[PDB]
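One-letter residues, chain by chain:
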2 protein chains.
Amino acid sequence: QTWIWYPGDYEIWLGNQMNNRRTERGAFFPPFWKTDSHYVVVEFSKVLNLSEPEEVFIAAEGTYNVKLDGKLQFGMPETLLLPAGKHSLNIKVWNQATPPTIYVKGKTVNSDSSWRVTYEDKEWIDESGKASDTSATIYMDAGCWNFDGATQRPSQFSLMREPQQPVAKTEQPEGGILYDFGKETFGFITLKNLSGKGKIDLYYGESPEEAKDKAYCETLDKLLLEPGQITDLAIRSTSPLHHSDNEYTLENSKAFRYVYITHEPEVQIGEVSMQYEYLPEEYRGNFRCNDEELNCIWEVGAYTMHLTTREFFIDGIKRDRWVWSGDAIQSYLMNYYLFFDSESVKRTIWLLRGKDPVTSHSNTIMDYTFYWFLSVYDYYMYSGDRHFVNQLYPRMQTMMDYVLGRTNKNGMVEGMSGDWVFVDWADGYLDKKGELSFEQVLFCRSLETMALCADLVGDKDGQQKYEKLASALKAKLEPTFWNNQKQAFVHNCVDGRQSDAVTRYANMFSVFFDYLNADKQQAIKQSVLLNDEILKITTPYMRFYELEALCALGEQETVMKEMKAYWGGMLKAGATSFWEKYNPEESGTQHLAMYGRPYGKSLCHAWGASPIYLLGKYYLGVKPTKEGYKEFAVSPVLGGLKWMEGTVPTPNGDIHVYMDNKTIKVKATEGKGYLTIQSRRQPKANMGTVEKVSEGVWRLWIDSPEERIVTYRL
Amino acid sequence: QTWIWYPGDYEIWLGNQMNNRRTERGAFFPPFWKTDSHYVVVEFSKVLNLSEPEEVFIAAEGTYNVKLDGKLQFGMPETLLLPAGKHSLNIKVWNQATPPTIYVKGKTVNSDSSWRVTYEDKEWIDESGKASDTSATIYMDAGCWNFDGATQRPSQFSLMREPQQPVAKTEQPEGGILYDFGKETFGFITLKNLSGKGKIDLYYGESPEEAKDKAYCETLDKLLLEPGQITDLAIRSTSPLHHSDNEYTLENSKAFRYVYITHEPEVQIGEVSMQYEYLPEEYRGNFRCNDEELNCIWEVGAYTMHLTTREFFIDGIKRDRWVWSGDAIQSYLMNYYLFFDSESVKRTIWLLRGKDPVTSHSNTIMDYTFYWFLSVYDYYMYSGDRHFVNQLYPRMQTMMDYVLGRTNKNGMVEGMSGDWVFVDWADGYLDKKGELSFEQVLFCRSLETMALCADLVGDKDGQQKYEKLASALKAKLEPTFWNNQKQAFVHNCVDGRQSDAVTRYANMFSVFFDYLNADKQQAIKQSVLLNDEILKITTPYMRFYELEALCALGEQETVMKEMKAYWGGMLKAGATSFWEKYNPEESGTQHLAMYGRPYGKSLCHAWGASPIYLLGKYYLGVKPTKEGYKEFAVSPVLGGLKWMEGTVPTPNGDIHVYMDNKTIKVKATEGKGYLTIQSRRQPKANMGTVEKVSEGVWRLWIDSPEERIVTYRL
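Residues numbered from 1 in each chain as written, not as in the entry; some residues may be left out. Chains lettered and ligands numbered in written order. Heavy atoms only, no water.

Per the deposition metadata, X-ray crystallography was the technique used to determine this entry, at a resolution of 2.33 Å.

**Some details on the pairing of strand β18 (residues 220-226) of chain B**
Side-chain direction in a regular strand flips from residue to residue, so the side chains alternate between the two faces of the sheet. Residues and elements named next belong to chain B. Put simply, the rule reads: Any two strands between which DSSP finds at least two bridges are classified as paired. Think of it this way: any DSSP run of H or I at least four residues long counts as a helix, any run of E at least two long counts as a strand, and we number them from the N terminus.
Pairing between strand β17 (residues 198-205) and β18: 6 bridges, direction antiparallel. What sits directly across from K199, in β18, is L224. Here β18 runs beside strand β19 (residues 229-232); their pairing, made up of 4 bridges, is antiparallel. Bridged to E226 within β19 is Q229. In sequence, β18 turns back onto β19 through a hairpin of 2 residues, with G228 there showing a positive phi of about 85°.

**Re the relation of the copies chain A and chain B**
To keep things clear, this is the line we draw: A least-squares fit on C-alpha atoms is used to superpose the copies onto one another. What makes two residues a contact is simply this: any of their non-hydrogen atoms within 4.5 Å.
With an axial shift of 0.0 Å and an RMSD of 0.0 Å, the rotation relating chain A to chain B amounts to 180°. Here the copies are linked by what is in effect a two-fold axis. Within chain A, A97 of chain A has its C-alpha nearest the rotation axis, a separation of 2.0 Å. Comparing contact sets, 100% of the residues at the interface of chain A also lie at the interface in chain B, consistent with an isologous, same-surface contact.

**Here's the deal with the interface of chain A and chain B**
Heads up, the rule is: Computed with a 1.4 Å rolling probe, the buried area is the accessible surface lost when two parts are put together, summed over both parts. Any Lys or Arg side-chain nitrogen found within 4 Å of a carboxyl oxygen on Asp or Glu counts as a salt bridge. The residue classification treats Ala, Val, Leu, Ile, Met, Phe, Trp, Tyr, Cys and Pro as nonpolar and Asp, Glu, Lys and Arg as charged. All others, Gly included, are polar.
Contact with chain A, which involves 69 residues of that partner, is made by 69 residues of chain B. Between chain A and chain B, the buried area comes to about 5700 Å², and carbon and sulfur atoms account for 60% of it. Three residues stand out in chain A for area buried against chain B, namely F28, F74 and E127 of chain A, and they jointly supply 14% of the buried area on that side. Counting across the interface, chain A meets chain B through 4 salt bridges. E78 of chain A is paired through a salt bridge with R236 of chain B; the nearest N and O atoms lie 2.7 Å apart. Taken together, the residues that form the side of chain A that touches chain B break down as 31 nonpolar, 21 polar and 17 charged.

**Points about the environment of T364 of chain B**
Locating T364 of chain B in the fold gives a position in the loop between α5 (342-353) and α6 (366-383). Spatially, the C-alpha atoms of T364 of chain B and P636 of chain B are 39 Å apart, while their sequence positions differ by 272 residues.

**Considerations on the sheet that holds strand β38 (residues 697-702) of chain A**
Residues and elements named next belong to chain A. What counts is decided by this rule: Whenever a helix is involved, its axis is fitted only over the stretch in contact; in every case the axis is a line through C-alpha atoms, and angles between N-to-C directions fall within 0 to 180 degrees.
With mixed pairing, 5 strands are arranged side by side in an open sheet as β30-β31-β35-β38-β37. The open sheet has two edge strands with one neighbour each: β30 (622-626) and β37 (690-694). Averaged over all adjacent pairs, the angle separating strand axes in this sheet is 30°, with direction ignored. The sheet contact formed by strand β31 (residues 631-634) and strand β35 (residues 672-678) spans 4 bridges and is parallel. Within β35, the residue paired with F632 across the bridge is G673.

**Structural notes on the packing of aromatic side chains**
Heads up, the condition is: Here is the rule: rings of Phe, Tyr and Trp (six-membered ring for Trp) pair when centre to centre is within 6.5 Å. Planes less than 30 degrees apart are stacked, more than 60 are edge-to-face, and the remainder are tilted. Only protein chains enter the accessibility calculation, which uses a 1.4 Å probe; a residue whose area is less than 20% of its type maximum is buried, one above 50% is exposed, and one in between is partly exposed. Consider the ring centre and the ring normal. A charge sits over the ring if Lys NZ or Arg CZ is within 6 Å of that centre and within 35 degrees of that normal.
Under the criterion given, the structure shown has 128 aromatic pairs over all chains. Considering the side-chain rings of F513 of chain A and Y515 of chain A, the 5.6 Å spacing of their centres and the 65° angle between planes classify their relative orientation as edge-to-face. Across the pair, exposure class does not vary: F513 of chain A and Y515 of chain A are buried alike. Judged by centre distance (6.3 Å) and plane angle (70°), the ring pair of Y541 of chain A and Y545 of chain A falls under edge-to-face. Residue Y541 of chain A and its partner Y545 of chain A are located together in helix α12 (residues 540-552), separated by 4 residues, close to a single helical turn. Residue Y541 of chain A is classed as buried on the basis of its relative accessible area of 0%. The residue whose ring lies beneath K355 of chain A is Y39 of chain A, and the NZ or CZ to ring-centre distance is 3.1 Å. When the ring centre of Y674 of chain B is taken as reference, the NZ or CZ atom of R699 of chain B above it lies at 4.0 Å.

**With respect to the pattern of salt bridges**
All names here are of chain B. This structure, assessed with the given rule, holds 90 salt bridges over all chains. For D356, the salt bridge identified is with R353, shortest N-O distance 2.9 Å. Owing to a relative accessible area of 4%, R353 belongs among the buried residues under this scheme. Between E631 and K626 there is a salt bridge, with the nearest N and O atoms lying 3.1 Å from each other. Taking the relative accessible area as the measure of exposure, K626 reaches 31% and is therefore partly exposed.

**Describing the environment of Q391 of chain B**
As for its placement among the helices and strands, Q391 of chain B is situated in helix α7 (residues 386-404). On the accessibility criterion, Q391 of chain B (12% relative accessible area) is buried.

**Focus: the nonpolar core**
To keep things clear, this is the line we draw: By nonpolar core is meant a set of buried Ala, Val, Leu, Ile, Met, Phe, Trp, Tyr and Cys residues that side-chain atoms within 4.5 Å join together.
Counting residues in each nonpolar core, the largest one holds 198 residues, and the members touching the most others are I189, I200, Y371, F373, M396 and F509 of chain A. With 12 residues, helix α6 (residues 366-383) of chain A is the largest single contributor of residues to this core. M274, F513, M542 and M594 of chain B belong to the second-largest nonpolar core, a separate cluster that totals 195 residues.

**Details of helix α7 (residues 386-404) of chain A**
Residue and element names in this part refer to chain A. The cut-off we apply is this: Here, expected helix span is obtained from the residue count minus one, scaled by 1.5 Å. At any given residue, the bend is defined as the angle formed between two axes, one fitted to the seven residues that end at that position and one fitted to the seven that begin there.
End to end, α7 covers 25 Å across 19 residues, agreeing with the expected 27 Å (1.5 Å per residue, within 8%). At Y393, α7 shows its largest bend, some 50°, and a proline, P394, comes one to four positions later. Listing the buried residues of α7 in full gives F388, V389, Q391, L392, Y393, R395, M396, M399, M400, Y402 and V403. Contacts made by the buried residues of α7 are with α1 (9-19), β12 (140-141), α5 (342-353), α6, α8 (437-457) and α9 (460-481).

**Overview of the sheet that holds strand β30 (residues 622-626) of chain B**
Backbone hydrogen bonds are what pair the strands of a sheet, in a parallel or an antiparallel way. Residue and element names in this part refer to chain B. With mixed pairing, 5 strands are arranged side by side in an open sheet as β30-β31-β35-β38-β37. Two strands lie at the open edges of the sheet, namely β30 and β37 (690-694), each paired on one side alone. With strand direction ignored, the average angle separating the axes of adjacent strands in the sheet is 30°. Across 4 bridges, the pairing between β30 and strand β31 (residues 631-634) is antiparallel. Within β31, the position partnered with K626 by the bridge is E631.

**Focus: unusual backbone geometry**
Residue and element names in this part refer to chain A. Cis geometry marks the peptide bond from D356 to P357, where omega comes out at 0°. Tracing the backbone through its elements, the reader meets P357 in the loop between α5 and α6. Here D320, not a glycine, exhibits a phi torsion of approximately 85°, which is positive.

If you want it as structure tokens, here you go:
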């Protein structure tokens, strides 16, 4: 048994709670897009056929009633005896404050996802006493997480805490002490042994410059110490203090490496430490090679991912600390090569979608609506979780309804009033008007995704509709955006006119989406991907995809050179977590500014950890080829490295890969698949038969957890 | 200044709270239709142009921030200094538990309906620091009621209480005491001077039979008295008790006339009384004639209306005690001739509509969706409140979208899966399949209403659409449902085939909707309205409309005979409030049963007070002819009475009417209009000119508050 609720409703409520924890210099800062709510009245039900009478314990968050075979029980019973035979247990709950949720426990009757929920049962009695026909009522399978204890109330969920001490403190000339915690971290400040009275001010920073800048630092706190109590002035919450040995831990979490603290004359602070907050995670994925710089890049990437893997996958810990679609899709991917936390992926997907009616694109960003669609099928391929797709499908349909009612005469998408056509942070060089080739590519992929999901859930009318729309748009891509002279997809079209500008976005995506044939993909490699004439990318975010394209075209060596220079560049700049944006042309404090503010840039953004994904999927070369890794593919490439080794998690297994200049070892504890080897002459295998795919390329079919060892020579 | 919120959101939240107070034998009983929620994050804003600096006080229910000219203030300030000049004050609030709401007060800056609210501002900052263009953002005028005090938190609203003592108590043979409160009433039971320990059981009833029937009474309570405290077992809420002189008032309200109380041996109850709960109301309407029976009918009707006029207009106080569309539209009408509480009308209209997306008809009842539409224009005609229509319009459009996507090949409405085609409680004699003439008549009226509202708000595209649809459906009414042989509209059509059955519903409505010409209206009078061959009506609900039709055809004398017999019949049966249903053929305890339960019938249903409306509009003969009574019409008819006199409220005035067999007096303190007199020869007026309309009919134009006196002789 476990606590259950209407699917997606707990996630939405919990997401609102977390997102609304963002602050800017002491002020509450909710998202600018619409905030949705859970359904305040829901009915939980379960049809029972018991061979023997059993008693169930009932717990719930909210006001509720209990109906057994149509008969309303008195009040709110905590236990109910269930007779033998066929019965129908119905529990309707009302909860405006937190999501309606129940906990039922018995010998055989237990609350779980096999229970059905609805927010509109429509059962009424006519004047004779006959109940209405509710066979038309729509039900959903109940949602749940891991709250298996009767006392583990879903609404009280909070992340784990762990004590930490700073590694340095320095008194400042203008007063106060500047604490260095060693590296980017996240948590609650603890002040031990407070005495006296007066104000106490906290100033946080991811850099010493931000922490010391009391007037422009992004986040801070202001407290008032009084005899026997202290008060958080920002939220006006007074907590009690013991006169003897006291301790006060701030109520709200903050991201930071440095914390500058000051206080009035009559205040005395014994000790300053913190409570590191985190979501328990198992580092199931792993990677390391001879290049120690890359090793550090991977480690820093993993740490960045963990800090940004909280109640949901977020953009950054300092600023925004909200769930964004563009960032999230990459988090899911990096997650598949690190934690493989499928539960977090689903919670984030539920949250980003929100509820109906649809009033705008995801986060109001057009391209973000498409990432959301793509992320669902990506999750299915890696987890094999068909049930999730079935539960989300209705909401996927209505989101696509919104998009499809906004296409133009060519069936393409153009930014409309209220839309944000983002693409990337390219310093303002990108034209957002007309039909961007990049957006149609994403849109086309979204239609293909919807077609594949419609097929998975069995909606054939929908499937046909999406396939027809996807096929028509796809056939228009080259006739519309391809340019023979530039040998690439132009940036955009306005009134049917191609722009002189060619950006790398539509081109790089067309490579791993496979929208271009072999010949044009190679053309793009030279005319776009390796052409420094084409506008460069300055965010780890799009380098994720730029480099992925290159890896798809087998340019792992050039990519290695780029990853080392780009990410290693942030390290050499003092990074202990990867940033939101990085231009190696800038220097010093310039790296800290963004959004027109001196310390506006987040120095810990989920999308800065790109390497986690690139190395796992293109160097260790692992990826599922059938949902949930029912079937996989391992195509390792060293790309300059002498030796590398790693692990890639799967639903119920792992794929270990080792490789040096003459040997490859693979141990797949789940599924079957092909190990592809690039060699001059035929490789030798300790198992199975090595088959020649083509010139210089070989394959080996692995069909068991027994480690395979092959020797080759490129 | 006053507390403000997103329009409709407070009403919805407050409505959920009230509706969910219904109980059945101790069990919480929420509605079977979907329960909507308020938006949990809303932004309040006001553009200011101050000639001098002023400080405002700020209060709010929920977490909030304050932004002045784009600058986020620290924490949650309770006061803010506003500089002279142009500024923009923005307050974003988050409240999941109760509706986000704020209170601002200054010399000139005050929270009120002139403030704008949105649940999606969409303001974002690009990487340079430039704010997005939010000129496309949709805003609404803030909603409000009468919470003008800084401490009058909207979420704490509750109705007035007034002490009351029972008028009789009788010990019962099977134990306990049966208390008679004299008449149907509503409130909380108070138990003074409790001592001892043990259970205490309450059993409520609108009849002594129900109260004494511990096993089948609709409502009850169970308490546990303990030393120093007592506990409500149904809701598990323990309250403290003083050892000396204590007093405990039950936490939940109940409808009842009789209360049967028992308790264990060791319990001792000093005194039993109650707290009558009610919404403060001014009896602005009034009526009385020579017939003292009708006078009592009007009084009982008024009392029934008041008991059912709580936080919203409800169906009945004992059972359901929910807001239903069919009942509500009649409540609004009876209200215009009694309290003229426009605020209650708007709150109920907001509540019944709920939020988007639309998942079913109002209360899931097809005909109830149409009443909702009609009630909006009815409210406009009587109150002149155009602003309300403008605010509700978007929701009206989406409700009509739902209906229009459910029409058949003839553009008519047929009950679909999940729909409840109600019409009336006619004991199961009404066929609900096919195209009911009654539903198309209501539907057609709904389209005409939407056209008139579209016109009022300025939506011309919509107006044209609705007019076209209304005109096409209207022209199909007679060709489809009229039968020459039966001289009436048949009950329904199935596969284009008329039913042999003719019910009075479509016919009576076509009379006051004016869908039939003079000749057919008279045909209906004889072949339907006065033909006892046609199925009779047994609910006060439809007699409201049946009798109204007859009054429209000037049969006030037959109606008088019906009202006296029908309503006077319930009085002679012991009613102190009018019922949900009444069949004068039944007798004794049969009058108490419904829904297959012995005491299932509500003996206090809003729709049982029909006379309030009939007498005010058709005997005193008053009605507005231009919104808000800008222009009125007074056409008094005695219908058997010797003398009658009354008052009809208007937004800012009243219309007093007096009439006997030779004199008519009218004093209209608002608007202008015609007084129509039925006389053999020309009447004489103390003012203005008496003009002859037609044979035996005269008119007089009243254009001032000066009382007019005319003498006539029928």
